[PDB]
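Undergrad: Okay, here's the structure, questions in a sec.
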Amino acid sequence: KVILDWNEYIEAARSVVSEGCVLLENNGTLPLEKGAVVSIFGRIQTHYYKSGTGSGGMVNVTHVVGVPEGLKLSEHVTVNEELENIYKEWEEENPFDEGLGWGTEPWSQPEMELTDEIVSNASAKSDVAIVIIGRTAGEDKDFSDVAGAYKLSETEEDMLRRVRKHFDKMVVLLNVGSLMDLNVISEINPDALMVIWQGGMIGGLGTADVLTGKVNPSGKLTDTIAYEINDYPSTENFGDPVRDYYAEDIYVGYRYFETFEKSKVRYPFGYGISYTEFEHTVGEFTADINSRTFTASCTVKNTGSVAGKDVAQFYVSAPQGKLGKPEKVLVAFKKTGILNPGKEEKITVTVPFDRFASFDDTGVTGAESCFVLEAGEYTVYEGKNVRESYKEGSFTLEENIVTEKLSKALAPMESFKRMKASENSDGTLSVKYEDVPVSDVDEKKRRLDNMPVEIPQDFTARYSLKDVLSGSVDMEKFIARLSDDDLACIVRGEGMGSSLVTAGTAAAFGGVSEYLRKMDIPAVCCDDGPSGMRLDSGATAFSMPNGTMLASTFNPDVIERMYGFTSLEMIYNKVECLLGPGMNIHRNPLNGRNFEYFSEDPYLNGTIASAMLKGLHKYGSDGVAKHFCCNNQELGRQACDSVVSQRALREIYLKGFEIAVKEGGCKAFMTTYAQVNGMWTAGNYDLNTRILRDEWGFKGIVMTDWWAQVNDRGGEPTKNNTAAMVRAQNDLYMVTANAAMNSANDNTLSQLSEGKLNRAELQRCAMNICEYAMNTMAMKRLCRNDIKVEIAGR
């Protein structure tokens with residue numbers, strides 16, 4: 005028996021919120037002074053956005069603590085009740101629009117028009133104005149660069165200008181899933197500006213902590229903020245529902261801006277400020293070429309007047325060589341403990357060379373299909389953000405080092421022009437374009453040459469999955485018991501809301517027939533989502549902060565701590581697989597689902613994902629990394645084709661997922677609704693077999709996205725081509741209404757009959773599923789050695 009202490013869960017989430025808010029500007033108006041009266045503007049104050057919309061935004065809760073309630077509960081300030089009542093009375097006639105069905109909730113709410121009388125009267129009886137701008141986000145559509153979406157509405161702009169005129173102290177808070185336009189806000193020029201993201205059901209509590217100074221803000225931006233949407237390198241090749249060419253290649257986010265267009269940046273990657281000031285002093289530097297590491301030290305000192313944390317960020321500048329390189333790539337970071345005024349902390353990091361290697365997808369280095377360090381000078385930088393990072397040390401290689409030999413995989417099927425760094429006389433870099441080489445992989449031959457060996461069936465075998473778990477028999481001996489019906493059944497997830505598992509969840513898998521359950525294969529339960537359990541029964545669960553807020557902490561430990569509670573909460577609800585982390589790269593600011601992902605940077609992306617997974621693993625629960633890979637746009641997501649180079653895949657898009665496997669111990673992946681390099685991801689052999697298993701060494705399961713399409717290359721997509729799915733080693737079709745009855749009328753057995761699917765391929769998937777299933781808490785329930793959870797302190 006293990007106690008889930010609900011108050012400690014709350015405190016853990018609250019800590020994430022108070023570390024994840026990002027202070028952008030402040031003239032001393034924050035923190036709020038003890039005893040201040042605050043006037044809160046913005047009708048969204050009454051309906052705090054705790055999450056985005058969609059699959060990862062449907063956690064049921066008894067109560068949400070918004071910003072006004074958080075401030076009142078702090079006992080540090082009071083709120084102007086007259087103004088609150090004006091908003092309340094207006095909202096009775098202008099109700100919050102919840103939408104009508106899936107994806108229909110608008111991503112902002114109409115703002116209340118303000119008069120000089122209301123704003124003047126508020127100023128007369130309060131000390132400071134707080135203006136809350138609210139945006140939400142979600143599945144199936146992207147932000148438009150228009151009023152009410154990425155830009156302020158006319159009525160919001162009016163609100164901001166009136167407040168600015170009447171109040172000498174003005175704070176702006178952005179209660180947003182993803183970043184919005186800051187140009188007009190910056191021109192209006194409030195005294196302080198803070199991004200507060202969407203903090204889950206206790207978001208107001210953690211936000212009050214930072215506003216009142218109980219906690220000194222320490223969050224940092226996980227994306228670059230440029231002046232215009234058209235400045236982002238992906239914008240030219242983003243938003244087409246049919247096909248988008250990833251022409252920017254490795255030059256995503258700060259990899260582009262710092263290299264080519266520094267002056268287009270308003271706020272750099274890793275930027276964030278505090279109520280105190282810090283001094284970063286570069287320290288000792290050594291390199292160990294034989295171990296393929298360097299070790300770098302610095303000291304961070306609090307040089308201002310109040311306690312706080314800061315983040316030391318380390319970057320590498322690789323020599324341009326023949327491939328071309330970004331100016332700087334993030335290779336390590338460390339958030340200090342709370343530092344009192346005048347105190348300091350020494351930070352030391354050891355960085356493997358693989359963190360700043362480049363993938364040679366042309367052969368120009370002499371090592372085609374390898375991660376490499378080209379000969380030349382490597383310079384290391386440390387500082388407060390990528391722009392304000394300064395030389396830590398350097399070392400020089402006289403010859404190329406191959407860090408890993410890989411293969412030609414997931415290569416583009418058509419040529420396109422990509423960006424390429426080009427050196428100028430004055431030392432600057434400019435963009436030129438070059439043709440990306442086209443795949444020459446014989447996919448048919450690759451599958452045949454790597455075909456697994458069939459295990460001869462034996463229906464008299466009475467081995468239980470318990471006998472495999474105990475070590476008594478090999479998985480191969482057990483799996484011989486599965487009939488062709490059992491094999492076709494086990495690759496089908498059942499849902500949504502299968503009766504085999506906790507009501508109102510996403511899927512049951514494994515023990516999805518009477519015959520499979522008789523072999524002690526348990527029904528394993530899957531459920532959304534990254535921000536908490538979605539229970540369509542109406543049952544309540546903990547609603548946690550959004551993904552971008554988590555990543556903005558730059559603090560894997562606080563993330564891991566919070567998800568350690570989620571680990572127990574899952575066991576309490578008998579959910580084995582939480583459908584997160586969502587961890588697609590932030591390729592463009594307008595992507596609708598950015599809120600539940602982490603960053604434009606693959607290292608930060610993988611490191612935050614890994615922290616979440618480590619938390620979930622604490623008591624033997626698990627997450628599912630999604631969406632593998634290159635689901636960076638919502639418009640046209642059932643059909644759109646992402647055309648991308650091997651180098652960009654290897655260094656940027658796959659890299660976070662690689663880290664989740666190798667650092668996070670990830671054992672479950674979800675593929676996408678869309679196409680990567682000319683076929684759907686659920687049937688892609690290179691993605692799900694060559695890269696994931698044979699190169700990275702993943703041991704686990706791969707599942708489709710829910711009712712995803714699958715195809716054979718060049719063939720038509722369908723929702724029942726499970727043969728193509730199994731031929732790729734995508735193990736689980738999510739989902740069918742009735743797995744045992746083959747409710748989707750799938751082609752597993754017909755393709756097996758015709759020799760187009762090999763029994764060995766089905767057996768490989770069945771073994772992946774059973775090996776996964778036997779290590780879950782659902783298996784432990786069958787063995788009577790599960791953890792029983794009791795919730796205390798409600």
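Using the authors' numbering, you'd call the opening residue of the sequence shown number 5 and step up by one each time.
The beta-carbon is built from N, C-alpha and C at its ideal position, and this holds for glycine as well.
(1) Just to confirm, is the Cβ distance from residue 799 to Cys-581 under 9 Å?
(2) Between the Cα of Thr-108 and those of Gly-24, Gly-58, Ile-122, spot the shortest distance and give me the residue it belongs to.
(3) Please name the residue or residues paired with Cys-529 in a DSSP beta bridge.
(4) When burial is assigned at 16 or more other CB atoms within 10 Å of the CB, is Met-674 buried or exposed?
(5) Sort out for me which residues DSSP pairs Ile-589 with in a bridge.
(6) Could you check if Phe-100 is buried or exposed, using at least 16 other CB atoms within 10 Å of its CB as the buried criterion?
(7) Would the beta-carbon of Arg-485 fall within 9 Å of that of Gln-461?
(8) Would you mind reading off the limits of the alpha helix (DSSP H) that contains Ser-124?
(9) Could you name the residues that DSSP lists as bridge partners for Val-199?
(10) Determine contact between the segment 584 to 592 and the segment 650 to 670, defined as no fewer than three beta-carbon pairs at a distance below 8 Å.
(11) Could you say if the segment 389 to 402 and the segment 312 to 319 meet the contact criterion of at least three C-beta pairs nearer than 8 Å?
(12) Classify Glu-252: buried if its beta carbon has 16 or more other beta carbons within 10 angstroms, exposed otherwise.
(13) Where does the unbroken beta strand (DSSP E) through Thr-780 begin, and where does it stop?
(14) Would you mind working out which of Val-714, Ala-615, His-631 sits nearest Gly-668, comparing C-alpha positions?
(15) Comparing C-alpha positions only, which one of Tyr-154, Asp-430, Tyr-677 sits nearest to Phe-632?
(16) Going by DSSP, which residues form a beta bridge with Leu-401?
(17) At what residues does the alpha helix (DSSP H) containing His-621 begin and finish?
(18) To the nearest angstrom, how far is it from the Cα of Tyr-576 to the Cα of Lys-5?
(19) Is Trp-684 helix, strand or coil by DSSP?
(20) Under three-state DSSP, which class holds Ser-646?
(21) Taking DSSP's pairing of strands, which residues face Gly-138 in a bridge?
(22) Less than 9 Å between the C-beta atoms of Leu-177 and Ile-200, yes or no?
(23) Would you give the residue range spanned by the alpha helix (DSSP H) that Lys-659 belongs to?
(24) What are the boundary residues of the alpha helix (DSSP H) that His-631 is part of?
(25) Just to check my reading of the structure: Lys-76 and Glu-638 have Cβ atoms closer than 8 Å, yes? What is that Cβ distance to the nearest angstrom?
(26) Spatial neighbours of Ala-652 within its chain, please: CB distance less than 7 Å, with the 5 preceding and 5 following residues excluded, ordered by chain position.
(27) What residue ranges within the segment 395 to 477 form continuous alpha helix (DSSP H) runs of no fewer than 4 residues, ordered along the chain?
(28) Please state the DSSP three-state secondary structure of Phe-360.
(29) Starting from the C-beta of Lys-436, find all residues in its chain whose C-beta is less than 7 Å away, skip the five residues before and the five after it, and write them out in chain order.
(30) Between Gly-210 and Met-553, what straight-line distance do the alpha-carbon atoms span, to the nearest angstrom?
(31) Buried or exposed: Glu-604, going by 16 or more other Cβ atoms within 10 Å of its Cβ?
(32) Counting C-beta neighbours from all protein chains within 10 Å, is the total for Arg-139 16 or more, i.e. buried, or is it exposed?
(33) Just verifying my parser: in three-state terms, what is the DSSP assignment at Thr-675?
(34) Taking 9 Å as the cut-off, decide whether the C-beta atoms of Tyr-271 and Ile-229 are in contact.
(35) Do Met-707 and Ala-672 have their beta-carbon atoms positioned less than 9 Å apart in this structure?
(36) Would you report the Cα separation of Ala-311 and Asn-598, rounded to the nearest angstrom?
TA: Reading it off the structure:
(1) Here the chain covers residues 5 to 798 and nothing more, so residue 799 does not appear.
(2) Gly-58
(3) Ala-512
(4) buried
(5) According to DSSP, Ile-589 bridges with nothing at all.
(6) exposed
(7) yes
(8) 120 to 128
(9) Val-26, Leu-178
(10) yes
(11) yes
(12) buried
(13) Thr-780 -> no beta strand (DSSP E), and no H or E assigned at all.
(14) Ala-615
(15) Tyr-677
(16) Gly-380
(17) 606 to 621
(18) 11 Å
(19) strand
(20) strand
(21) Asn-179
(22) yes
(23) 659 to 666
(24) Element bounds for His-631: not the alpha helix (DSSP H) but the beta strand (DSSP E), 629 to 632.
(25) About 37 Å separates the two Cβ atoms, so there is no contact after all.
(26) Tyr-250, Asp-253, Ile-254
(27) 447 to 453, 469 to 473
(28) helix
(29) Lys-424, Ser-426
(30) 12 Å
(31) buried
(32) buried
(33) strand
(34) yes
(35) yes
(36) 32 Å
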